[PDB]
Amino acid sequence: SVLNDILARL
Amino acid sequence: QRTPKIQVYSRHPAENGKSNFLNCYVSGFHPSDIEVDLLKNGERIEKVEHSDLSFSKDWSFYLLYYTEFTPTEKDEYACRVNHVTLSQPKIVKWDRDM
Amino acid sequence: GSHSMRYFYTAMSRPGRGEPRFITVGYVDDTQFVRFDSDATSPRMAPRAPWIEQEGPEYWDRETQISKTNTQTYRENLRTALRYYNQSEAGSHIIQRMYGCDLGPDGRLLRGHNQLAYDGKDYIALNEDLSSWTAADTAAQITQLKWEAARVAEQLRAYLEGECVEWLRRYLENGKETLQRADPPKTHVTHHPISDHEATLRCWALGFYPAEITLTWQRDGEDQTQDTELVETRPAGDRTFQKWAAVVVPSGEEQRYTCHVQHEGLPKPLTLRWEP
Ligand code: NA
Ligand code: NA
């Protein structure tokens, strides 16, 4: 299952 | 920019008359845009599938193109590959011993 | 064996040809099991292995919504990268990401991974401690500072030690009959005359899973690495892999050469020679 790391940005 | 490696080969050791799969494995390339055709006697095969685009530890991409075929003594098969790193499309002939 | 799970993200801009494409593929060991492609008519995380098909609608909905969000996040990341490298909007560029967990033979976390590349060059990597970053250049140092402020490593460490391991163990159990089955190579040596002076011995390994294998030629017991043509391990299309190693040998000297095959599907390392 994928990581929910939305809000991380370059 | 990294130019593709190309291997053309069969899923199983080839026997004239027996159904098999023709594989064209394209790897080591960057960027990701690439054109691959499987050729039978110089003509583009229509019923070709390919794996989902992925990449290796060194970030270079790879793809497998394949089609079902039945090798014969005289039919010539090949893979034609175009990539930004290539001035002209590259044709690699299927050699059943490679 | 030791098992791993990996997700691979690719975002590819293409000015003049629509918004950047975003793809995700997930692997357990050498088996791909999901894919997402923003170019699809109705983009969804979709199954690519039988043992994941049984996951319920909540699974597929969560994976899809995260991937659709990731499509937008990585288009923003591509715009950011242009500012970080003083690049124009006319060129094509690529961000790649891989992350996931490795399990030891005991089944516990061996190590975790999270790395990014920009245009095929390493950009930033989570260190093995899962708490510090290695930036490759001054652009990646800007990202590092942003990720230190947003506790990105902390979230990754939690995922990599917790959910990533737990999901991998679940997948390994559900796909036990394939994921936890090594297939040994079928091996042979072929002989291809070059001249009356020389011939190629080609040591084949076919039908093996997983892809990790070692093929080596020895001449009188001395490894022939610098004189061996070794093709890249290649997929057969039926989940297994193929590889060969070839040396050019003087005609009549073939019996001095031995091929050695190591693969985790084998009870013992194999030694072969040409059998005329
Ligand atoms: Na986050
Ligand atoms: Na570039």
# chains A, B, ... in the order shown; residues from 1 in each chain; ligands from 1
call {"tool": "closest_atom_pairs", "arguments": {"of": "chain C", "to": "ligand 2", "cutoff": "8 Å", "atoms": "only C-alpha atoms and all ligand atoms", "output": "Markdown table"}}
result
| residue | atom | partner | partner_atom_place_in_ligand_line | distance |
| --- | --- | --- | --- | --- |
| C:92 | CA | ligand 2 | 1 (Na) | 7.3 |
| C:93 | CA | ligand 2 | 1 (Na) | 6.2 |
| C:119 | CA | ligand 2 | 1 (Na) | 5.4 |
| C:120 | CA | ligand 2 | 1 (Na) | 8.0 |
call {"tool": "residues_around", "arguments": {"residues": "residue 230 (chain C)", "least_positions_apart": "2", "cutoff": "8 Å", "atoms": "only C-alpha atoms", "output": "MDAnalysis selection string"}}
result
chainID C and resid 228 232 243:246
call {"tool": "residues_around", "arguments": {"residues": "residue 276 (chain C)", "least_positions_apart": "5", "cutoff": "10 Å", "atoms": "only C-alpha atoms", "output": "ChimeraX atom specification"}}
result
/C:189-191,254-255
call {"tool": "residues_around", "arguments": {"residues": "residue 85 (chain C)", "least_positions_apart": "3", "cutoff": "12 Å", "atoms": "only C-alpha atoms", "output": "ChimeraX atom specification"}}
result
/C:78-82,88-89,93,118-119,123,137-140,142
call {"tool": "residues_near_ligand", "arguments": {"ligand": "ligand 1", "cutoff": "9 Å", "atoms": "only C-alpha atoms and all ligand atoms", "output": "PDB file with N, CA and C atoms, in the first residue's frame"}}
result
ATOM      1  N   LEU A   3       2.453   5.026   0.468  1.00  0.00           N
ATOM      2  CA  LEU A   3       2.547   6.046   1.497  1.00  0.00           C
ATOM      3  C   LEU A   3       1.582   7.189   1.212  1.00  0.00           C
ATOM      4  N   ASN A   4       0.870   7.630   2.248  1.00  0.00           N
ATOM      5  CA  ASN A   4       0.071   8.854   2.156  1.00  0.00           C
ATOM      6  C   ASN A   4       0.947  10.010   2.631  1.00  0.00           C
ATOM      7  N   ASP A   5       1.748  10.549   1.710  1.00  0.00           N
ATOM      8  CA  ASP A   5       2.633  11.660   2.039  1.00  0.00           C
ATOM      9  C   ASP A   5       2.277  12.880   1.209  1.00  0.00           C
ATOM     10  N   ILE A   6       0.997  12.994   0.856  1.00  0.00           N
ATOM     11  CA  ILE A   6       0.498  14.235   0.302  1.00  0.00           C
ATOM     12  C   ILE A   6       0.819  15.333   1.315  1.00  0.00           C
ATOM     13  N   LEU A   7       1.069  16.547   0.801  1.00  0.00           N
ATOM     14  CA  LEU A   7       1.576  17.721   1.525  1.00  0.00           C
ATOM     15  C   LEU A   7       3.111  17.770   1.559  1.00  0.00           C
ATOM     16  N   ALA A   8       3.804  16.655   1.301  1.00  0.00           N
ATOM     17  CA  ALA A   8       5.230  16.736   0.989  1.00  0.00           C
ATOM     18  C   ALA A   8       5.404  17.262  -0.434  1.00  0.00           C
ATOM     19  N   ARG A   9       6.381  18.153  -0.614  1.00  0.00           N
ATOM     20  CA  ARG A   9       6.609  18.847  -1.877  1.00  0.00           C
ATOM     21  C   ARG A   9       8.102  19.054  -2.061  1.00  0.00           C
TER      22      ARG A   9
ATOM     23  N   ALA C 150       8.782  19.850   7.791  1.00  0.00           N
ATOM     24  CA  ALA C 150       7.483  19.193   7.733  1.00  0.00           C
ATOM     25  C   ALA C 150       7.523  17.780   8.303  1.00  0.00           C
ATOM     26  N   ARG C 151       8.632  17.412   8.946  1.00  0.00           N
ATOM     27  CA  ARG C 151       8.829  16.108   9.587  1.00  0.00           C
ATOM     28  C   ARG C 151       8.609  14.958   8.606  1.00  0.00           C
ATOM     29  N   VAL C 152       9.094  15.139   7.375  1.00  0.00           N
ATOM     30  CA  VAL C 152       8.921  14.127   6.336  1.00  0.00           C
ATOM     31  C   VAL C 152       9.644  12.832   6.694  1.00  0.00           C
ATOM     32  N   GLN C 155       7.607  10.768   9.221  1.00  0.00           N
ATOM     33  CA  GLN C 155       6.481  10.049   8.635  1.00  0.00           C
ATOM     34  C   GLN C 155       6.965   8.850   7.830  1.00  0.00           C
TER      35      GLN C 155
END
call {"tool": "select_by_dssp", "arguments": {"residues": "region 22-223 of chain C", "states": "helix (DSSP H, G or I)", "output": "MDAnalysis selection string"}}
result
chainID C and resid 50:52 57:84 138:149 152:161 163:174 176:179
call {"tool": "interface_residues", "arguments": {"of": "chain C", "to": "chain A", "cutoff": "10 Å", "atoms": "only C-alpha atoms", "output": "ChimeraX atom specification"}}
result
/C:5-7,24,26,34,59-60,62-67,69-70,72-74,76-81,84,99-100,116,124,139-140,142-144,146-147,150-152,155-156,159-160,163-168,171
call {"tool": "interface_residues", "arguments": {"of": "chain C", "to": "chain B", "cutoff": "9 Å", "atoms": "only C-alpha atoms", "output": "MDAnalysis selection string"}}
result
chainID C and resid 8:10 12 23:25 32 35 92:94 96:98 117 119:122 190 192 202 206:207 231:232 234:238 242 244
call {"tool": "atom_distance", "arguments": {"atom1": "CA of residue 213 (chain C)", "atom2": "CA of residue 270 (chain C)"}}
result
11.6 Å
